[PDB]
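Everything below concerns the one structure shown next.
Order of the sequence lines sets the chain letters (A, B, ...), proteins ahead of strands, with each chain counted from 1. Side-chain atoms are counted along with the backbone in the values below, which use heavy atoms only and exclude waters and symmetry mates.
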Amino acid sequence: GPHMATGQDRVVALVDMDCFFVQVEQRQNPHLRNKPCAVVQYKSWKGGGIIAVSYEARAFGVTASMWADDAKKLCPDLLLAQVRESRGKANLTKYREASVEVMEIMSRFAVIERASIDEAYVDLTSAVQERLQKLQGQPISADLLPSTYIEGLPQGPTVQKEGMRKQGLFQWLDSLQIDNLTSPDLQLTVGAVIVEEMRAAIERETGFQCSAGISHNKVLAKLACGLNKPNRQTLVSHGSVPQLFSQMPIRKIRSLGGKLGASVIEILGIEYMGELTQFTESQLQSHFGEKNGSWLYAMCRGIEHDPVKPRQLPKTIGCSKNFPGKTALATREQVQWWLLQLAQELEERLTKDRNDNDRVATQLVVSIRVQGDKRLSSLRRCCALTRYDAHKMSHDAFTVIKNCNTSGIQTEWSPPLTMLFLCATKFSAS
DNA sequence: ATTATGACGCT
DNA sequence: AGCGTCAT
Ligand SMILES: Nc1ncnc2c1ncn2[C@H]1C[C@H](O)[C@@H](COP(=O)(O)OP(=O)(O)OP(=O)(O)O)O1
Ligand SMILES: [Ca+2]
Ligand SMILES: [K+]
């Protein structure tokens with residue numbers, strides 16, 4: 001009762017750019033705007049691999065992880081933009097720089113955690129408190145929430161999509177004004193007002209649209225964000241959780257989309273997140289470990305405590321290339337040439353990072369895959385990164401992996417290498 | 001023959 | 001440390 005924590009202490013948002021690499025290419029090339037289009041890397045094998053898809057193209061069934069030749073079967077008029085190639089490899093700089101544009105705007109509003117190239121969590125608790133003081137008990141108008149969905153509403157005693165959105169928003173605001181909701185509900189609502197403002201600023205200042213979720217923690221904000229995409233935001237209140245979770249497949253919750261989630265389903269014989277509430281904390285810990293068990297026990301009740309970390313910059317800077325099928329690296333000089341290409345891109349990015357962000361990487365991680373290996377990485381070795389110099393880094397990388405070569409002929413490399421990976425890590429202030 | 005990333009957990 | 005999981 002009175003001592004039962006409800007995980008309603010924070011306001012957290014997750015902002016997720018819509019079709020991000022496609023928007024970056026559409027801003028650059030107006031011919032691609034409002035068209036079925038996709039971003040592809042490379043072109044020779046089956047037309048290239050699709051890595052991002054506009055919503056117009058998704059209507060035809062085009063997805064990422066599709067070959068462009070196959071996407072064209074579904075959507076013959078699909079437009080394509082190619083990822084830049086430099087030094088023999090795909091180069092993602094344009095998208096990393098577009099990411100910085102958005103992250104810097106978000107940072108004006110609040111502390112953010114960079115979750116990926118186009119996702120950031122936002123801790124809005126303090127901003128909401130501030131806005132509430134400005135507001136002075138003045139009610140919140142629907143006009144302040146023009147792209148907001150309230151999950152679970154409308155309900156109870158119009159067949160258009162926007163009409164439904166407004167009906168739900170009206171019910172929510174009507175209740176807030178009549179004092180039939182909770183202080184956490186008001187906090188979330190003010191959070192959503194701020195996120196409208198944030199999303200408007202992103203679009204104004206970059207041209208890019210995004211979706212967002214607002215809730216009391218990162219997992220619910222992420223779940224919320226996906227409910228209404230694209231170009232919309234969704235508020236998931238604490239009270240919405242029992243209905244929302246009652247039919248929510250376990251794999252939809254972040255961290256449960258893989259083997260752990262499959263084990264939860266199999267071991268417990270359940271399908272939906274809400275079904276977890278019937279187990280004790282000890283029962284869950286007994287199957288999934290102390291940490292996972294406690295996390296699951298709280299999470300299925302809508303409670304999570306993972307903080308929004310104050311981190312706007314990536315912690316690592318890496319460069320990798322696959323060498324599939326017949327293109328696997330089978331000679332010494334091949335391996336060395338590609339290590340150099342990778343090291344040259346890495347040096348370029350590191351030098352920029354050092355100038356921009358007042359830090360230096362101190363460790364170089366070298367990873368390879370060998371042909372036949374089940375896993376993405378076969379071997380990982382570290383060495384010191386003491387100089388931002390591509391020839392040195394590439395020579396050092398060779399040294400730490402050269403003994404993986406089974407070949408008696410040192411000119412040859414066996415078994416052939418199907419992946420090379422260089423990663424700069426362990427930053428120190430500079 | 002998805003590819004190129006990136007954070008965090010385990011022992 | 002080196003490996004594995006989960007995610008954009
Ligand atoms: N598996 C991947 N391989 C390479 N690039 C990827 C991969 N997944 C995502 N990306 C890139 C391209 C995406 O535009 C960008 C952001 O990813 P993501 O949020 O999953 O999709 P998206 O922004 O294209 O569409 P959505 O509107 O559904 O969010 O990161
Ligand atoms: Ca996205
Ligand atoms: K994303």
From the list [options], which nucleotide is the closest neighbour of the side chain of [X]?
X        : options             : result
A:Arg96  : B:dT5, C:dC3, B:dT2 : B:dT5
A:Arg375 : B:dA4, C:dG4, C:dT8 : C:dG4
A:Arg349 : C:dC6, B:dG6, B:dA4 : B:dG6
A:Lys374 : B:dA4, B:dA7, C:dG4 : C:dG4

How many whole angstroms separate atom [atom1] of [X] from atom [atom2] of [N]?
X        : N     : atom1 : atom2 : value
A:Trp45  : B:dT2 : CH2   : P     : 9 Å
A:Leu376 : B:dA4 : CG    : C1'   : 11 Å
A:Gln363 : C:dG2 : CD    : P     : 9 Å
A:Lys229 : C:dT8 : NZ    : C1'   : 11 Å
A:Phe421 : C:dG2 : CZ    : P     : 15 Å
A:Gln82  : B:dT3 : CD    : P     : 16 Å
A:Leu350 : B:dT5 : CG    : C1'   : 15 Å
A:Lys252 : C:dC6 : NZ    : P     : 16 Å

(request) Sequence neighbours left out, what pairs pass ring pair (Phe, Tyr, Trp, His ring centres under 6.0 Å) with at least one residue falling in residues 297-319 of chain A? (result)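 Qualifying pairs, neighbours excluded: none.
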
(request) Only pairs at least two apart or in different chains count here, so list each ring pair (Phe, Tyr, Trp, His ring centres under 6.0 Å) that has a residue in residues 398-421 of chain A. (result) A:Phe398-A:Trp413

Indicate, with a heavy-atom threshold strictly under 4.0 Å, whether [X] touches base, sugar-phosphate, or nothing.
X        : value
A:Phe20  : nothing
A:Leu379 : sugar-phosphate
A:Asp16  : nothing
A:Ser65  : base
A:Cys382 : sugar-phosphate

(request) Just jot down the side-chain contact (heavy atoms from CB on, under 4.5 Å) partners of A:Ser430, sequence neighbours excluded, or say none. (result) A:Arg354, A:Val360

(request) Applying side-chain contact (heavy atoms from CB on, under 4.5 Å), name anything that partners A:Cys19, two or more places apart in sequence or on another chain. (result) A:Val22, A:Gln23, A:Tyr55, A:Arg58

(request) Could you check A:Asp118 against A:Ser378 and say which one's nearest nucleotide on DNA chain C is further toward the 5' end? (result)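 It is A:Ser378 whose nearest nucleotide is closer to the 5' end.
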
(message) Test of understanding: with side-chain hydrogen bond (donor to acceptor under 3.5 Å, both in side chains), list the residues that count as partners of A:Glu205, not counting sequence neighbours.
(response) A:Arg108

(message) If the condition is side-chain hydrogen bond (donor to acceptor under 3.5 Å, both in side chains), which residues does A:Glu196 pass it with, not counting sequence neighbours?
(response) A:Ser147, A:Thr148

Give me the distances for all protein-to-nucleotides 8-11 of chain B N/O pairs that come in under 3.5 Å?
{"residue": "B:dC8", "atom": "OP2", "partner": "A:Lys315", "partner atom": "NZ", "Å": "2.7"}

(request) Using a cut-off of strictly less than 4.0 Å between a heavy atom of the residue and any atom of DNA chain C, enumerate the qualifying residues of residues 50-57 of chain A by number. (result) none

(message) Just to verify, what does A:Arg387 make a salt bridge (charged side-chain N to carboxylate O under 4.0 Å, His left out) with, not counting sequence neighbours?
(response)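 Checked A:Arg387 against salt bridge (charged side-chain N to carboxylate O under 4.0 Å, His left out); matches are A:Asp389.
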
(message) Just to verify, what does A:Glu56 make a salt bridge (charged side-chain N to carboxylate O under 4.0 Å, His left out) with, not counting sequence neighbours?
(response) none

(message) Assess whether a salt bridge exists between A:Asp69 and A:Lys72, defined as any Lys/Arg side-chain N lying under 4.0 Å from an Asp/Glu carboxylate O.
(response) no

(request) Quote, to the nearest angstrom, the P distance that separates C:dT8 from B:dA1. (result) 25 Å

(message) Taking atom types as they are modelled, would you say the side chain of A:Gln41 forms a donor-acceptor pair with the base of B:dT3 within the 3.5 Å cutoff?
(response) yes

(message) Both A:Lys326 and A:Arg114 contact DNA chain B. Which one's nearest nucleotide lies toward the 5' end?
(response)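 Between the two, 5'-proximity favours A:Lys326.
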
(request) Using ring pair (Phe, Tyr, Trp, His ring centres under 6.0 Å) as the criterion, list what pairs up with A:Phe427, not counting sequence neighbours. (result)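 Checked A:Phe427 against ring pair (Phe, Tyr, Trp, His ring centres under 6.0 Å); zero matches.
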
(message) Looking at A:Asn405 and A:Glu412, would you say the former's side chain and the latter's main chain have a donor-acceptor pair under 3.5 Å?
(response)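 Yes; at least one donor-acceptor contact below 3.5 Å.
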
(message) Quick check against the 3.5 Å criterion: does A:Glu347 have a side-chain atom that pairs as donor or acceptor with the backbone of A:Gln344?
(response) no

(message) Using OP1 and OP2 only, check whether a side-chain N or O of A:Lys89 sits under 4.0 Å from B:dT5.
(response) yes

(request) Report yes if at least one side-chain N or O of A:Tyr42 is closer than 4.0 Å to OP1 or OP2 of B:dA4; otherwise report no. (result) yes

(message) Show, in sequence, the C-alpha distance, side-chain angles and deciding distance for A:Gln285 and A:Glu290, and conclude whether the side-chain hydrogen bond (donor to acceptor under 3.5 Å, both in side chains) test is met.
(response) CA-CA 5 Å; A:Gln285 291 174 321; A:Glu290 182 183 316; 5.6 Å; no

(message) Just to be sure I understand the geometry, which residues of residues 316-325 of chain A put a non-hydrogen atom under 4.0 Å away from DNA chain B?
(response) A:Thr316, A:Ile317, A:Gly318, A:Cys319, A:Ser320, A:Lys321, A:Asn322, A:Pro324, A:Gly325

